[PDB]
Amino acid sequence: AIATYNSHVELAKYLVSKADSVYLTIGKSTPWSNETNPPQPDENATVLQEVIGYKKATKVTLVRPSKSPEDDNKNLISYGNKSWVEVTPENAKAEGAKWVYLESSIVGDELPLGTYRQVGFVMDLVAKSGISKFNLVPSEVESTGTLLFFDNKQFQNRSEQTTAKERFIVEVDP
């Protein structure tokens, strides 16, 4: 049996329904063996290496590729040299929206400073019961939930005055 296009939309809708427990995570704060050729990500990982912390996602939405004149009146997202538009879950099937856009920003020392080479997003993260802030180090997390998507990148630095913005667009069934 094959899965249908619209099963991929419904699964994308499901992840977007989890937005309020979705967090960016960053890690790998020491060098790779080859800093210019990061190893290929291993899908069996359940946590980033040398995990630094978590930051609640600022944006979790379905998207689709944009069409130029027609969609020029929407707020277009640029990503991967392509253009994308946001889609509501009510319109996901009609618009064919099987892509999920995920973003967060880490502002200065919201999380310990240093370099990072791994970027991911988790869902179902639960902070310890007395903590309401959106920036969490591992000791402030009650349950890290499920690591959903990640990438191995070349290092970026974070200092007292930097903002690190990270985002993915992903589909069910690549």
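In this text, residue numbers run from 1 along the sequence as written.
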Stretch with higher mean Cα temperature factor, 138-146 vs 34-42, is 34-42
So 88-96 or 75-83, which one's hotter by mean CA B-factor in the entry? 75-83
Would you mind finding, among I26, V63, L111, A57, the residue with the largest C-alpha temperature factor in the entry? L111
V107's Cα B-factor: lowest, middle or highest third of the chain? highest
Chain-relative CA temperature factor third for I169: lowest
Position of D20 among the chain's modelled residues by C-alpha B-factor, lowest, middle or highest third: lowest
Third of chain Cα B-factors occupied by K133: lowest
Going by the entry, which third of its chain does the Cα temperature factor of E10 land in? lowest
